[PDB]
Amino acid sequence: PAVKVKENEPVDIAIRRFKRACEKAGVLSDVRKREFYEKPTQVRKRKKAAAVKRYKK
Amino acid sequence: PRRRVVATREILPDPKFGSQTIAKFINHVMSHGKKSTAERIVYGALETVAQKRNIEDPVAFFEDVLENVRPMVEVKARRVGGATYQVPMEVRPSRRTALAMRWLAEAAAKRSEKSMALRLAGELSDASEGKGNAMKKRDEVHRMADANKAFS
Amino acid sequence: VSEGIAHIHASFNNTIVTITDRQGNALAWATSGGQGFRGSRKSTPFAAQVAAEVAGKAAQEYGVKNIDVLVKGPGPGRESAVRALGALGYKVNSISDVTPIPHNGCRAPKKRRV
RNA sequence: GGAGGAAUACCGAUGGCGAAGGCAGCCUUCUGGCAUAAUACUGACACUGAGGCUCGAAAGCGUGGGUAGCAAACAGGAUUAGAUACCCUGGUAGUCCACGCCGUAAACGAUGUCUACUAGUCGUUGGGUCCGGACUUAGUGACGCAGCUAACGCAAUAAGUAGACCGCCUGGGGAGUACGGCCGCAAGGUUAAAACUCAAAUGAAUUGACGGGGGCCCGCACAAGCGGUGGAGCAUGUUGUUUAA
């Protein structure tokens, strides 16, 4: 998640590009999973429910 | 009222000065329907201040003082996630005028002078020169927003 | 010292911004508690912005004209700190995220029930 | 800059393997199954299974090591009327390794194993054969006929039509409890009653109601303002008391 900003460029647009890069790399979800431990059975059940939702979509 | 917005009633401008704001101010001073008393009190106070300041246009002086008095930003409470915190928001144009008029009336209520007209004239003078309880109240309203200024 | 690297330890509870040289030495640091914001007021982007401004000034006395940001942690004020640097006028060569991503190295705390 | 333990993000997918329980970084050694390919072979060697034995999550136990994170127990901080809890700051056993016990889980597909038969459709994993598609195989899911079911629903991975064998059930409690065997170091597991007690205990589904479940919407319901009750005196009604009432 490294972003390079060109010379004489607004700060806000670079900030927005950095946010897009972080979203593309999916950094936040890793930290969200890390913050709290989750039971493996709960993980498996959630994965199955997500799979069913994806199938309906 | 979770219902359509409706046009506000058209106010009747005052005769002597022919100004909307003056009658709107007289409305708040009016109590128990004594518009005749409010007219006299307001005219007396305005005449006293105008004589003291040797200004030809009391209506213009009143417009300047009211514009100074009105607060730009007022804090409004908001509920998010079962929590209550202050939120600074820009005040509505008409609400600024209404707030200033109400605050001036309230302070004129507690001014020392024996007669209401003299209390009101003193409060207008203090408001014009940025002193007194009305200016303190406006400063407090601004201060509450300035203290946190962490929302919106 | 004519080049600077900024480290931001942002976190939901609190955000810390510090200014360091290229070699890896921290000239000065700023914190929200020093500003005095507490609790919910402390954990807000503006509380991050003000401390970022203070740290930027502190670095200005040292004399670094160019600084590059290194954000760490999923704070809500990480954007506001970079906005604060931009408003101060520090020029940023690049924006990078150095958040640690541990690959199930250590067990996380038990889930909280409310 | 080191030292030490555990786990193996992304890949990752109602994906894959295993009889179940279960099994995730990477290379090596040994190792059991399954899938398919055309030949060559034995020629009923088959299915099921009382006892019996093998394995069998997590926790727990014994000896010996290791001990980062987390964390029963324990300490202190909070809300609370109290909080031997939920939140919190720490935190020992345990979880990690070697060798043995324990043999229990909502050990579930709440669905014993093995056969033959019974419309179709789109998926997806491992092979095969054909000209990116069509065809066929053993698993892997989502819909949907006949058929079955109290209804949910099942529906070639049957809960449909038949067959072989095994296990289990006979109202709800008392109770998977007591006694006696058997096992275990222990915790306790396994087999498994009776006295007594009540007319119920239940399953599916329907109509309502309710939720500190959701979606939308309305009323001076709140918001924003105006001025009142609650404080004084008095009029009025009512309890209360006193009265013959």
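Residues numbered from 1 in each chain as written, not as in the entry; some residues may be left out. Chains lettered and ligands numbered in written order. Part of a larger assembly, values for the part shown. Heavy atoms only, no water.

A. Geometry of the packing of aromatic side chains. Following the criterion strictly, the structure yields four aromatic pairs over all chains and no others. Look at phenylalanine 25 of chain B and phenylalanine 62 of chain B: their rings are 5.3 Å apart centre to centre, the planes differ by 65 degrees, and that puts the pair in the edge-to-face class. Of this pair, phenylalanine 25 of chain B sits in helix α1 (residues 20–29) while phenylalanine 62 of chain B sits in helix α3 (residues 58–69), placing them 37 residues apart in sequence. By the burial criterion, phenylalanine 25 of chain B is buried, and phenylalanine 62 of chain B matches it. Judged by centre distance (4.3 Å) and plane angle (25 degrees), the rings of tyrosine 85 of chain B and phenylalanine 151 of chain B are stacked. Here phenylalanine 151 of chain B lies in the segment after α6 (133–148) and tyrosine 85 of chain B lies in strand β2 (residues 83–90), a separation of 66 residues in the sequence. For the cation-ring pair, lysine 16 of chain B lies above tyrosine 43 of chain B, with the distance from its terminal atom to the ring centre recorded as 5.3 Å. If you follow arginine 107 of chain C out to its NZ or CZ, it ends over the ring of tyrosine 37 of chain A, 4.1 Å from the centre. (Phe/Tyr/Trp six-rings, centres within 6.5 Å; stacked < 30°, edge-to-face > 60°. Helix = DSSP H or I, 4+ residues; strand = E, 2+ residues; numbered from the N terminus. Buried < 20%, exposed > 50% of the residue type's maximum accessible area, 1.4 Å probe, protein only. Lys NZ or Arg CZ within 6 Å of the ring centre and 35° of its normal.)

B. Inspection of the interface of chain C and chain A at higher detail. Contacts between the two partners involve 23 residues from chain C and, on the opposite side, 19 residues from chain A. In this assembly, chain C packs against chain A so that about 2000 Å² is buried in total across both faces, 64% of it on carbon and sulfur atoms. Counting across the chain C and chain A interface gives one salt bridge. Note that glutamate 79 of chain C and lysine 19 of chain A form a salt bridge whose closest N and O atoms lie 2.8 Å from each other. At the junction of chain C with chain A, the criterion picks out seven residue pairs in polar contact. Looking at the side of chain C that touches chain A, the elements that each hand over two or more residues are α4 (78–88) and β5 (94–97) of chain C. The element best represented in the side of chain C that touches chain A is α4 of chain C, accounting for five residues. Taken together, the residues of the side of chain C that touches chain A sort by class into eleven nonpolar, six polar and six charged. Strand direction decides the pairing type here: strand β1 (residues 2–4) of chain A and β5 of chain C, joined by three bridges, are antiparallel. When the bridges of β5 of chain C are listed, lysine 4 of chain A appears paired with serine 94 of chain C. (Contact = heavy atoms within 4.5 Å. Buried area = accessible area lost by both parts, 1.4 Å probe. Salt bridge = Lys/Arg side-chain N within 4 Å of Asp/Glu carboxyl O. Polar contact = N/O pair within 3.5 Å; in protein donor to acceptor, adjacent residues only side chain to side chain. Nonpolar A, V, L, I, M, F, W, Y, C, P; charged D, E, K, R; others polar. Pairing = 2+ DSSP bridges.)

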